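Right, one structure below, let's go through it.
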Amino acid sequence: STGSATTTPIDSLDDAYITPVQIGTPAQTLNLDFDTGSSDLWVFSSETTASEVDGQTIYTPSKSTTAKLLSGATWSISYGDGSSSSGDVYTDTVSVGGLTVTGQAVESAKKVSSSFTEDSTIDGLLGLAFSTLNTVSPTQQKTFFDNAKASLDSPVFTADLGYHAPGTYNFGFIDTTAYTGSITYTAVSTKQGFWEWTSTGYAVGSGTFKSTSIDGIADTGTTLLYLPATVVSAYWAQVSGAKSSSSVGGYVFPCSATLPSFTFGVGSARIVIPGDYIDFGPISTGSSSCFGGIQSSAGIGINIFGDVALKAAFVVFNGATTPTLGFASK
């Protein structure tokens, strides 16, 4: 089997991408944030505290003839941005782009933190990291991809995120028309539950490539590119007037600037992020200070190849017995 679904930016900045997901019978379609940095499929629901729902579409398990309470199971998750959610668990039929999994754990939120409530465009998350990170207790549950894997034509999914445009998540096949050149594959460590890999270096603009190992994760659920402070300083030093602002929470730059590209290495291959992908717009409406799309990871504990990086590539998440990541230009 295969599946193919379009993913759409939630706003004009590409802050996140939503993908329609069919849950239950008859289908209830919710727009979920596919997140290769986490491993829970959770949804706003008829159980979510009413004051914490503000425009999201909810899953109502009592209206699904295939929903079953997973008795005794609870979940609770906290994300790297400080947001969180928790609740109980149903199993139900879940379909993405024509690919159907029966018995998928659908984690129904009883509580969500304010950042979820305040974002009416995201109805939940669909985790695509390794199932070892799934938070359901006392019986950990498998991700949608893990459940689908055995049925797929090939045990892979691909992320093809658009810049200011829709893109595609495919399951079970690699669309050879969706990229240019060849795909370069690189080793993955699953020791932390992430799609963790080592970039071979970077360049700023037309500058020389610096060969240096940068361990990080491929994370579709993170907007920006978070890299070591040395690398980030080297980038922003090429933008007149750019500076790190403690009050704003990162590097800002004059909105009048033209940003240089940023290149990262994948083995001997190179992925170029155009400068325009690094512009996240005014820090507040009408400001002439703009927020940068490359930020320091120093306070995180891990480097994160988020959407800024991934949308410059066609990315293969190869879930074979020994997982690997592939990157191609497009």
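Following the order of the structure tokens, chains are lettered A, B, ..., residues in each are numbered from 1, and ligands are numbered from 1.
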Considering only C-alpha atoms, return as a PyMOL selection string whatever protein or nucleic-acid residues lie within 6 Å of region 322-327 of chain A, sequence-local ones (same chain, fewer than 6 positions apart) excluded.
chain A and resi 183-188+314-316
For residue 139 (chain A), find every residue with an atom within 12 Å (counting only C-alpha atoms), except residues of its own chain fewer than 6 positions away, and show them as a PyMOL selection string.
chain A and resi 70-75+89+105+131-132
Could you pull out all residues of region 148-278 of chain A with a DSSP call of helix (DSSP H, G or I) and give them as a PDB file with N, CA, C and O atoms, in the first residue's frame?
```pdb
ATOM      1  N   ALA A 148       1.677   1.237  10.039  1.00  0.00           N
ATOM      2  CA  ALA A 148       1.479   1.048   8.610  1.00  0.00           C
ATOM      3  C   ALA A 148       2.621   0.313   7.926  1.00  0.00           C
ATOM      4  O   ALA A 148       2.411  -0.245   6.846  1.00  0.00           O
ATOM      5  N   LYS A 149       3.799   0.290   8.554  1.00  0.00           N
ATOM      6  CA  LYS A 149       5.048  -0.013   7.858  1.00  0.00           C
ATOM      7  C   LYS A 149       4.972  -1.337   7.120  1.00  0.00           C
ATOM      8  O   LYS A 149       5.320  -1.427   5.937  1.00  0.00           O
ATOM      9  N   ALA A 150       4.514  -2.381   7.807  1.00  0.00           N
ATOM     10  CA  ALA A 150       4.529  -3.727   7.241  1.00  0.00           C
ATOM     11  C   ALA A 150       3.687  -3.816   5.977  1.00  0.00           C
ATOM     12  O   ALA A 150       3.964  -4.653   5.105  1.00  0.00           O
ATOM     13  N   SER A 151       2.650  -2.981   5.870  1.00  0.00           N
ATOM     14  CA  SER A 151       1.758  -3.006   4.719  1.00  0.00           C
ATOM     15  C   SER A 151       2.267  -2.163   3.564  1.00  0.00           C
ATOM     16  O   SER A 151       1.802  -2.332   2.435  1.00  0.00           O
ATOM     17  N   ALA A 229      25.977  27.884  18.359  1.00  0.00           N
ATOM     18  CA  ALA A 229      26.115  29.331  18.392  1.00  0.00           C
ATOM     19  C   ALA A 229      27.211  29.838  17.469  1.00  0.00           C
ATOM     20  O   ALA A 229      27.100  30.943  16.935  1.00  0.00           O
ATOM     21  N   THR A 230      28.288  29.077  17.310  1.00  0.00           N
ATOM     22  CA  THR A 230      29.364  29.471  16.404  1.00  0.00           C
ATOM     23  C   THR A 230      28.853  29.608  14.976  1.00  0.00           C
ATOM     24  O   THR A 230      29.165  30.579  14.276  1.00  0.00           O
ATOM     25  N   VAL A 231      28.087  28.609  14.524  1.00  0.00           N
ATOM     26  CA  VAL A 231      27.553  28.578  13.163  1.00  0.00           C
ATOM     27  C   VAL A 231      26.573  29.725  12.955  1.00  0.00           C
ATOM     28  O   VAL A 231      26.601  30.431  11.940  1.00  0.00           O
ATOM     29  N   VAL A 232      25.693  29.921  13.930  1.00  0.00           N
ATOM     30  CA  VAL A 232      24.658  30.942  13.829  1.00  0.00           C
ATOM     31  C   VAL A 232      25.277  32.335  13.825  1.00  0.00           C
ATOM     32  O   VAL A 232      24.844  33.219  13.075  1.00  0.00           O
ATOM     33  N   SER A 233      26.294  32.558  14.663  1.00  0.00           N
ATOM     34  CA  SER A 233      26.992  33.839  14.661  1.00  0.00           C
ATOM     35  C   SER A 233      27.647  34.099  13.312  1.00  0.00           C
ATOM     36  O   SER A 233      27.610  35.225  12.800  1.00  0.00           O
ATOM     37  N   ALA A 234      28.266  33.069  12.722  1.00  0.00           N
ATOM     38  CA  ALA A 234      28.891  33.235  11.417  1.00  0.00           C
ATOM     39  C   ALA A 234      27.869  33.630  10.358  1.00  0.00           C
ATOM     40  O   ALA A 234      28.170  34.424   9.465  1.00  0.00           O
ATOM     41  N   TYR A 235      26.667  33.063  10.417  1.00  0.00           N
ATOM     42  CA  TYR A 235      25.625  33.435   9.465  1.00  0.00           C
ATOM     43  C   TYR A 235      25.223  34.900   9.629  1.00  0.00           C
ATOM     44  O   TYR A 235      25.269  35.694   8.678  1.00  0.00           O
ATOM     45  N   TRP A 236      24.811  35.275  10.837  1.00  0.00           N
ATOM     46  CA  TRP A 236      24.247  36.605  11.037  1.00  0.00           C
ATOM     47  C   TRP A 236      25.293  37.707  10.927  1.00  0.00           C
ATOM     48  O   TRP A 236      24.932  38.863  10.673  1.00  0.00           O
ATOM     49  N   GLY A 275      18.136  32.595   1.001  1.00  0.00           N
ATOM     50  CA  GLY A 275      18.005  33.625   2.021  1.00  0.00           C
ATOM     51  C   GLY A 275      16.569  33.935   2.387  1.00  0.00           C
ATOM     52  O   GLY A 275      16.248  34.150   3.554  1.00  0.00           O
ATOM     53  N   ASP A 276      15.679  33.982   1.399  1.00  0.00           N
ATOM     54  CA  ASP A 276      14.300  34.351   1.705  1.00  0.00           C
ATOM     55  C   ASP A 276      13.636  33.352   2.657  1.00  0.00           C
ATOM     56  O   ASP A 276      12.700  33.718   3.378  1.00  0.00           O
ATOM     57  N   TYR A 277      14.100  32.099   2.691  1.00  0.00           N
ATOM     58  CA  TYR A 277      13.506  31.124   3.602  1.00  0.00           C
ATOM     59  C   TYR A 277      13.822  31.441   5.059  1.00  0.00           C
ATOM     60  O   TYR A 277      13.194  30.875   5.958  1.00  0.00           O
ATOM     61  N   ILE A 278      14.821  32.296   5.300  1.00  0.00           N
ATOM     62  CA  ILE A 278      15.313  32.602   6.637  1.00  0.00           C
ATOM     63  C   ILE A 278      14.636  33.843   7.210  1.00  0.00           C
ATOM     64  O   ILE A 278      14.881  34.207   8.365  1.00  0.00           O
TER      65      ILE A 278
END
```
List as a ChimeraX atom specification the protein and nucleic acid residues near residue 11 (chain A), meaning an atom at most 12 Å away when only C-alpha atoms are counted, but skip any in the same chain fewer than 2 places from it.
/A:8-9,13-18,119-122,163-166,223,280
Would you save the residues of that selection, restricted to C-alpha atoms, as a short mmCIF file (atom, residue, chain, number, x, y, z; two decimals), in the first residue's frame?
```
data_model
loop_
_atom_site.label_atom_id
_atom_site.label_comp_id
_atom_site.auth_asym_id
_atom_site.auth_seq_id
_atom_site.Cartn_x
_atom_site.Cartn_y
_atom_site.Cartn_z
CA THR A 8 -0.43 23.17 3.70
CA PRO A 9 1.23 26.05 5.62
CA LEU A 13 5.27 32.54 7.38
CA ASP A 14 5.16 28.73 7.11
CA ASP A 15 5.07 28.53 10.91
CA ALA A 16 3.74 24.97 10.61
CA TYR A 17 2.05 22.70 8.10
CA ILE A 18 -1.27 20.89 8.41
CA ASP A 119 -3.83 28.22 17.22
CA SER A 120 -7.19 27.46 15.65
CA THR A 121 -5.61 25.91 12.53
CA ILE A 122 -4.02 22.86 14.21
CA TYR A 163 8.12 27.46 0.75
CA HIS A 164 5.04 29.65 1.08
CA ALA A 165 3.14 26.89 -0.72
CA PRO A 166 1.65 23.44 -0.13
CA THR A 223 9.62 25.86 12.44
CA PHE A 280 10.30 35.26 9.50
#
```
Would you compute the distance between CA of residue 114 (chain A) and CA of residue 30 (chain A)? Give it in Å to one decimal.
19.3 Å
Which residue out of A:116, A:108, A:76, A:64 has the minimum interatomic distance to residue 92 (chain A) when only C-alpha atoms are used?
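Ranked by minimum distance to residue 92 (chain A), first place goes to A:64.
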Residue 41 (chain A) environment, 8 Å, only C-alpha atoms, sequence neighbours closer than 4 positions dropped, as JSON, numbers by chain
{"A": [105, 106, 107, 124, 125, 126, 127, 143, 144]}
Nearest to residue 162 (chain A) among A:284, A:220, A:206, A:57, with distances taken over only C-alpha atoms: which residue is it?
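Distance minimum relative to residue 162 (chain A) lands on A:220.
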Residue contacts of region 77-79 of chain A (9 Å, only C-alpha atoms) excluding same-chain residues fewer than 4 positions away, as number ranges by chain:
A: 38, 40, 83-86, 134-135
Once DSSP has gone over the backbone, tell me which residues of region 105-220 of chain A are in strand (DSSP E), as a PyMOL selection string.
chain A and resi 105-112+124-127+156-160+167-171+184-187+196-204+210-218
Mind checking which residues fall within 9 Å of residue 133 (chain A), counting only C-alpha atoms, ignoring those fewer than 5 positions away in the same chain, and posting them as JSON, numbers by chain?
{"A": [38, 39, 40, 140, 192, 193, 194]}
Residues near residue 272 (chain A), cut-off 10 Å, only C-alpha atoms, skip fewer than 6 positions along chain, as JSON, numbers by chain:
{"A": [202, 203, 204, 205, 261, 262, 263, 264, 265, 309, 312, 313, 329]}
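When only C-alpha atoms are used to compute distances to residue 294 (chain A), the closest of the residues A:266, A:225, A:252, A:320 turns out to be A:225.
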Using only C-alpha atoms for the distances, tell me which of A:152, A:98, A:110, A:12 is nearest to residue 58 (chain A).
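Answer, going by the shortest atom-to-atom distance: A:110.
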